[PDB]
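Residue numbers (the authors' numbering), protein chains in the order written: chain C, 1 to 38; chain V, 2 to 176; chain L, 1 to 94; chain A, 2 to 131; chain D, 117 to 208; chain P, 1 to 136; chain Z, 5 to 139; chain B, 1 to 58.
Just so you know, even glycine gets a beta-carbon here, dropped at the ideal spot from N, CA and C.
Structure, as structure tokens:
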Amino acid sequence: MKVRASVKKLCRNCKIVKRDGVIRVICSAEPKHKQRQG
Amino acid sequence: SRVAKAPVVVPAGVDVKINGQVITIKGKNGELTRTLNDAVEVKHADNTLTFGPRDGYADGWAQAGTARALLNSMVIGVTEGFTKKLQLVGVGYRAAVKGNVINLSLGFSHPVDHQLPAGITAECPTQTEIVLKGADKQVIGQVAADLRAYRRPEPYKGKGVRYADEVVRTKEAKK
Amino acid sequence: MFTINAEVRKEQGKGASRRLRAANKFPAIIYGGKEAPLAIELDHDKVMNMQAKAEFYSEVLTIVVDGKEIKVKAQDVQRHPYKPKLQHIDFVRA
Amino acid sequence: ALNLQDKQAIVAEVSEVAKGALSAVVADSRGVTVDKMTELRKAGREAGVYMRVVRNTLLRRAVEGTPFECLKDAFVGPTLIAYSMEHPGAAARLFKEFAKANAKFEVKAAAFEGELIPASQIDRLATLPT
Amino acid sequence: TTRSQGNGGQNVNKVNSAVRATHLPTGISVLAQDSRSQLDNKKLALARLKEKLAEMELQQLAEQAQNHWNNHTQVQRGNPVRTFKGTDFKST
Amino acid sequence: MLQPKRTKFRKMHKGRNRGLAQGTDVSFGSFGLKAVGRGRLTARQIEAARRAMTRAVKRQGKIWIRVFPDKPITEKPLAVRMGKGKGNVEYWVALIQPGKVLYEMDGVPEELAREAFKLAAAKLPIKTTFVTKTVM
Amino acid sequence: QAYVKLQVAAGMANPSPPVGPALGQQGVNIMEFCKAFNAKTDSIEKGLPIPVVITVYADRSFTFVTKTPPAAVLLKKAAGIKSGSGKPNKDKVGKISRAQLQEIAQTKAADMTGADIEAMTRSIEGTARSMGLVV
Amino acid sequence: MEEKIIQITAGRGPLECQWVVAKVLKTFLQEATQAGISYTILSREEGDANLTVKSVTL
RNA sequence: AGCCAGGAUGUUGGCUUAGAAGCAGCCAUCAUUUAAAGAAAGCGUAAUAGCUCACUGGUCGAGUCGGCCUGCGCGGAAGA
RNA sequence: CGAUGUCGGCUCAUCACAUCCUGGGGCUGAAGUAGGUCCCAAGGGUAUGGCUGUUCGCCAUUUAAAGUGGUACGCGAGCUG
Ligand SMILES: [Mg+2]
Ligand SMILES: [Mg+2]
Ligand SMILES: [Mg+2]
Ligand SMILES: [Mg+2]
Ligand SMILES: [Mg+2]
Ligand SMILES: [Mg+2]
Ligand SMILES: [Mg+2]
Ligand SMILES: [Mg+2]
Ligand SMILES: [Mg+2]
Ligand SMILES: [Mg+2]
Ligand SMILES: [Mg+2]
Ligand SMILES: [Mg+2]
Ligand SMILES: [Mg+2]
Ligand SMILES: [Mg+2]
Ligand SMILES: [Mg+2]
Ligand SMILES: [Mg+2]
Ligand SMILES: [Mg+2]
Ligand SMILES: [Mg+2]
Ligand SMILES: [Mg+2]
Ligand SMILES: [Mg+2]
Ligand SMILES: [Mg+2]
Ligand SMILES: [Mg+2]
Ligand SMILES: [Zn+2]
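In structure tokens, the structure reads:
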């Protein structure tokens, strides 16, 4: 999982979501897309 | 919002009872019951079910649309229901059922044993895919998720427990 | 052609400017040639939107101050150093 | 399409409907680009390049465009009933062409209503001048 | 980062300004403790590592020229692949 | 590496840059960067941002700079007391002017301009804003 | 049903190198297609490619329709050169005449889905311009 | 695109061998440029007399 | 925006390459049928092929969309 | 400053978690023995030796590892020196 400060939307088909106060990006087109902040 | 806007249909001769927010629905198929979210007002006028907010509620129309979707889901459930079929892709991936008890032969030292509620039953016209029908969409989806999370498959070839309409995104292990 | 509602600023000054900026008002002055100097207080976002046009520093506008139209045109400008606020906007009579 | 483009297009269709009387119907409910190509090529060989197969059959477009002439199309506009023009000649044979195209592998969404140009019924007009 | 081995005083017994730059492929290490500022010690250690690897890069050219030299005495006088006869210098 | 050929004197006071600034307006280029706050722009930072803007523009257009590290600051090399006189000359900067355009761009779209100025925000610790040349 | 045309110059039979198995992706034979292509090209000149469309059906009896020679090689022969161009914007290659463009257009007007010859004539003229065969 | 470093040397021979080295180097360069390969001169240490080279690297 | 559909013709543009036919990269990057087609924005192979997307046809339909200034939030934040 | 005993070692450990690592969530340039990893988890292991006036480090054999530290860079009204 990714630990950074500046999280950003990844491509034309990912999805910013809020999950327990942290930004989560997922895109099954790329199993990598699972971002995270903290 | 626009979900609660739309009208809600029910069939004729289907015993639908509202007791405050507790709404049950029973018919030739079966009975689906749940008490609804308190942020919603409900009333029925002789042919329709309407959803709206209650006075002094913030998430009013939102939860009204939520309850609208829920009651349409259970209306469809009591009309015919919702069907799922957990399909396996792999070399010799099989299973079985005994009413609601399932064996899984996917490479363990003990063939896994699975259970389903009284709301779902399975037959086996085939031994690589299981046909299991019911009226509870969320229950059958939970069963799907359980037999999928038992062994979530790999992303490389497509070998494991997947869904009927799903197409595998092939990430081939670069040589 | 913009018709802007503006009033007469009785007392000016720095403290007056600070309280007017608190109460959403920024000044400007009427002048030009030999006429008597009068200065007005403007409607902030209205002026910003109207001067976002390309014709603000070119065309002959019209000012409603104490119930009368005044024909003036742009001459100069001052701006907030580091914020989108026009510190001053200048009028030459037409 | 914005308001000005709509206004010029509506003036264009007003002029076209004023100049031309006869009409025939089609609908691309199951109309493949193969069928569209066949119809456009038949139109190009029969008449000029302005032969069009456009679909302007919306709830507020064709009914509000027709009032200049042939006001009867208030019953035609909605429900996806397309318009195809036939300028040259009186009783051109492009009318039966859309019926034949419907007959050859189509969903029968044209309905061959015919806009009753000769004030005839919704059936085929078998006789045409030759 | 470790302790500068002096005699010594109680402040240098604390200081972890001894910087050791170790090059992991070659294993060559150099230590810098000249200054009590650890940034300057780190910079000096990096510079000394640069210099000292520039004497392992320089003892390879000499080592291969020792191999180029042998070719001078490795010439064999016979079995010619090419022959040039006379000043006309014709190939054969 | 922007740095004076010669300075008036080798050192100078640490200095003050408070209050309001004077580089409010844009002077040379189409697209600029505002810094409302306060800080310092190292010569390395200024050169780096110039190179990065060249990178982004692909050598299309021109770059402009207003503030200069004409003031060789003396910081103190670590582990030296307040005493022993003033410190030693170490590097060069310019400080942050509220309302100042720092780097300028032209010949490329506004989108690329804001991109490159956010990249200036990602090669500088200073607060930013996107500005263009003012009509009179 | 599998409408992919993959053919080469009729002078050489059995185009195994260029496409090969691409023509035999299904279970149909590779000899029958070549025989049919030769039978269609018997009455026309040899040494140029001819496109043929195909809709394979289960009964091993394929239905196909042939077409005219490609307009690319048509304009190639019209210009009398073999290579198109190298960096066409920089340099000039040849001169292309409006009348011969019109005649090249009229010989493939029957193949192309164009009624008014002028539109497809300016189409091929623009093709030549983009390629560097200035009109 | 391959990279080759070749050495031409007189061995332990006299001025005649040095002269032969010079002539062979010239012919080698001419033949290489005819064959279409590029080159650069690295070392051209001289011999003992006029137009006599001891060894060359290519 | 979901929903049924087109998304072509010159064209398989030409190289240099091991084949490059829309996808390894470069050049012109346009002409026609113009409701629509961008020598290609994604997937892919060996070269394709094929599947998409941009864009536009058909429906539910009153609402929809992007810049700003301010109140309070979200994460950056792991001790002996 | 009319005195608050330093480095390392031993017993007891202490506690931190900031995890080295197994035990547990993901990326993978992660197919499976098998590792590169971004991390939760401190209940717990955190070896045995050679060299070293000395935590440091190299080497040999296991193997999860032989953590980074406050404990006045532990603990000397417990030991050593
Ligand atoms: Mg973390
Ligand atoms: Mg004051
Ligand atoms: Mg001493
Ligand atoms: Mg100390
Ligand atoms: Mg100042
Ligand atoms: Mg925050
Ligand atoms: Mg004391
Ligand atoms: Mg005491
Ligand atoms: Mg005491
Ligand atoms: Mg792992
Ligand atoms: Mg943790
Ligand atoms: Mg612990
Ligand atoms: Mg513990
Ligand atoms: Mg604990
Ligand atoms: Mg030991
Ligand atoms: Mg011993
Ligand atoms: Mg400790
Ligand atoms: Mg300590
Ligand atoms: Mg201690
Ligand atoms: Mg004590
Ligand atoms: Mg002691
Ligand atoms: Mg002693
Ligand atoms: Zn994505």
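- Residue state for residue 117 of chain Z is assigned as coil, using DSSP reduced to three classes.
- A Cβ-Cβ distance of about 11 Å is found for the pair residue 134 of chain D and residue 151 of chain D, leaving them out of contact under the 8 Å criterion.
- Residue ranges of uninterrupted beta strand (DSSP E) with 3 or more members, entirely inside the segment 103 to 133 of chain P and ordered along the chain, are 130 to 132.
- Here the segment 74 to 85 of chain V makes no contact with the segment 105 to 115 of chain V; the two share fewer than three CB pairs at distances below 8 Å.
- Separation of residue 89 of chain Z and residue 82 of chain Z (C-alpha to C-alpha, rounded to the nearest whole angstrom) is 15 Å.
- For residue 42 of chain L, the uninterrupted beta strand (DSSP E) segment begins and ends at 38 to 42.
- Per DSSP, residue 142 of chain V is one residue of the alpha helix (DSSP H) stretching across 138 to 150.
- Classified as buried, residue 14 of chain C has 16 or more neighbouring CB atoms from the shown chains inside 10 Å of its CB.
- One alpha carbon belongs to residue 55 of chain Z, the other to residue 69 of chain Z, and they sit about 9 Å apart.
- Comparing C-alpha distances from residue 131 of chain P to each of P:83, P:121, P:31, P:52 shows the shortest one belongs to P:31.
- Only exposed fits residue 93 of chain Z, as fewer than 16 other CB atoms lie within 10 angstroms of its CB.
- Put simply, the CB of residue 199 of chain D is far from chain B, with every gap to its CB atoms at 9 Å or more.
- Shown in chain order are the members of the segment 4 to 24 of chain P whose Cβ falls below 7 Å from a Cβ of chain L: 20, 21, 24.
- Rounded to the nearest whole angstrom, the CA to CA distance from residue 17 of chain A to residue 23 of chain A is 11 Å.
- Residue-level contact check: residue 119 of chain Z touches chain A, since one or more beta carbons of chain A fall below 9 Å from its beta carbon.
- In the three-state reduction of the DSSP assignment, residue 86 of chain A falls in the strand class.
- Among the residues of chain D, those whose CB is under 9 Å from the CB of residue 78 of chain P are 151, 152, 153, 154, 155, 156, following chain order.
- Look at the segment 1 to 24 of chain B: the residues with a C-beta under 7 Å from a C-beta of chain D are 7, 9, 11, 12, 23.
- Close partners of residue 79 of chain L in chain P (Cβ separation under 9 Å): 24, 25, 99, 134.
- A Cβ of chain Z is located within less than 9 Å of the beta carbon of residue 38 of chain A.
- Counting C-beta pairs closer than 8 Å gives fewer than three between the segment 52 to 60 of chain A and the segment 106 to 117 of chain A, which falls short of the contact rule.
- A straight-line Cα-Cα distance of about 13 Å links residue 95 of chain A and residue 128 of chain A.
- Across the segment 42 to 59 of chain A, CB contacts with chain Z closer than 7 Å involve 42, 45, 46, 50, in sequence order along the chain.
- For residue 3 of chain C, the Cβ falls inside the 8 Å cut-off from some heavy atom of ligand 1.
- A Cβ-Cβ contact shorter than 9 Å links residue 52 of chain Z with residue 14 of chain Z.
- Interface residue (Cβ-Cβ distance to chain L less than 9 Å): residue 129 of chain P is classified as such.
- Closest by C-alpha distance to residue 202 of chain D, out of B:20, B:2, B:13, B:15, is B:20.
- In the structure shown, residue 4 of chain L falls within a strand segment according to DSSP collapsed to helix, strand and coil.
- For residue 127 of chain D, the distance from the CB to the nearest heavy atom of ligand 4 is below 8 Å.
- For residue 36 of chain P, at least one C-beta of chain L is nearer than 9 Å to its own C-beta.
- At a Cβ-Cβ threshold of 9 Å, residue 24 of chain B and residue 42 of chain B do not count as neighbours.
- Within the segment 69 to 122 of chain A, the complete alpha helix (DSSP H) segments of 4 residues or longer fall at 95 to 104, listed in chain order.
- In terms of Cβ geometry, residue 83 of chain L and residue 36 of chain P form a close pair [threshold 9 Å].
- A residue is called buried once 16 or more other Cβ atoms fall within 10 Å of its Cβ, and residue 54 of chain B is buried on that count.
- Relative to residue 65 of chain Z, the option among Z:103, Z:46, Z:36, Z:102 whose CA is nearest is Z:36.
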